[PDB]
Structure formats: C-alpha cells, structure tokens
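Chains as they are written, first to last, in the UniProt record's numbering: chain A, 151 to 216; chain B, 151 to 216. For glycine and all other residues, C-beta sits at the position ideal for the given N, C-alpha and C.
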DNA sequence: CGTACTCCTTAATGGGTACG
DNA sequence: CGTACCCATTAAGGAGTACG
C-alpha cells in the first residue's frame with residue numbers, strides 16, 4: 151500500500167476524503183462533477199486495497215500519509 | 151464537542167468507527183444487531199454535531215480522543 | 001489520464017415507536 | 001440506557017462505455 155502509485159487527481163480526492171468530505175463537496179471544491187469524483191474514489195480504493203472511504207480516511211491518519 | 155457527553159455504548163461504536171468498520175462489522179464485533187448499531191450511530195452523530203461517520207472518524211484521529 | 005456518463009446494488013442516515 | 005424494529009431518503013460503491 152503506497153500513495154505514490156496513485157495519480158495526482160486520486161491523491162487530490164484522498165486528501166479531501168481524509169478531511170471528511172462527502173463526494174458532492176469534493177466535487178465542488180475541485181470544480182468537477184460528483185460522477186468524476188466517484189470514478190477517482192473507486193480507482194483509489196481498488197488500487198489501495200481499501201474497503202471504503204472511511205478505511206481510506208483512517209489509513210491516511212494512522213499512517214500519517216499527508 | 152466533548153466525548154464525555156456520549157454514553158458508554160456510543161463511545162464503543164465511535165471507537166469502532168474510528169477504526170474504519172462498517173455498521174455490519176461493528177454489530178458482529180459487539181454482538182448486537184445492525185439496527186441497534188445505527189441507533190447508536192445517529193445518536194452519537196447528533197450529539198457530537200458531526201455530519202457523517204467519516205467526520206467522526208477524522209475527528210477522533212485529529213483530536214486524539216482515543 | 002481525467003473527464004462524465006450509463007446501470008445496479010448496498011451502506012448510510014434521520015425520523016418514529018416500543019419495552020426491560 | 002440499550003435493545004430492535006418501522007419508515008423514508010440520500011450516500012456510497014462497483015461495473016461498464018466513451019472521448020480529448
């Protein structure tokens with residue numbers, strides 16, 4: 151499990167998720183649609199082997215990823 | 151926003167949420183139904199004035215509550 | 001790559017009642 | 001309180017196709 155394997159946009163999403171934001175907010179913050187946010191979240195989760203955005207959030211925090 | 155206003159059961163659930171567990175898992179871990187878990191979750195979310203379990207997860211890690 | 005859809009399914013949430 | 005259900009909704013996830 152390494153954050154470097156993700157793309158820049160995917161890390162953009164991960165950062166906002168670890169800050170507890172729902173997809174709709176992430177989209178507005180990034181000026182992209184929720185649909186696109188969902189694609190990134192999905193890719194990030196499969197590539198990081200996390201089961202959900204919460205695991206993703208807890209990971210970032212415990213492993214001091216950002 | 152203080153963790154002491156919550157009940158013991160509620161803190162049990164928040165601790166498990168902060169570890170990234172979904173309601174179904176929390177229920178199996180505590181040996182209660184998902185229904186009861188959800189009740190504890192929404193109560194906790196209203197008392198702590200948090201919008202979602204992710205916020206609760208991030209809050210717990212930032213404020214090093216556990 | 002990142003954008004933005006389709007479709008479908010499951011998780012999560014917010015309100016209510018009830019009762020040892 | 002803690003348990004457990006009812007109702008209803010939105011949020012989230014997992015797959016696919018498409019295109020500059």
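Rounded C-alpha distance that separates residue i from residue j
i, j, result
"residue 147(B)", "residue 175(B)", "One cannot answer for residue 147(B) here, as it falls past the ends of chain B, which runs 151 to 216."
"residue 202(A)", "residue 172(B)", "9 Å"
"residue 208(A)", "residue 152(A)", "15 Å"
"residue 166(A)", "residue 180(A)", "10 Å"
"residue 185(B)", "residue 185(A)", "30 Å"
"residue 155(B)", "residue 206(B)", "15 Å"
"residue 183(B)", "residue 157(A)", "39 Å"
Beta-carbon proximity of residue i to residue j, cut-off 9 Å
i, j, result
"residue 190(A)", "residue 215(A)", "no"
"residue 170(B)", "residue 204(A)", "yes"
"residue 177(A)", "residue 211(A)", "no"
Exposed unless 16 or more other CB atoms sit within 10 angstroms - verdict on residue i
i, result
"residue 213(A)", "exposed"
"residue 160(A)", "buried"
Residue i, DSSP secondary structure in three states
i, result
"residue 162(A)", "helix"
"residue 199(A)", "coil"
"residue 205(A)", "helix"
"residue 169(A)", "coil"
*Quick one: complete alpha helix (DSSP H) runs, 4+ long, within the UniProt DNA-binding region "H-T-H motif" (173-192) of chain A?*
173-180
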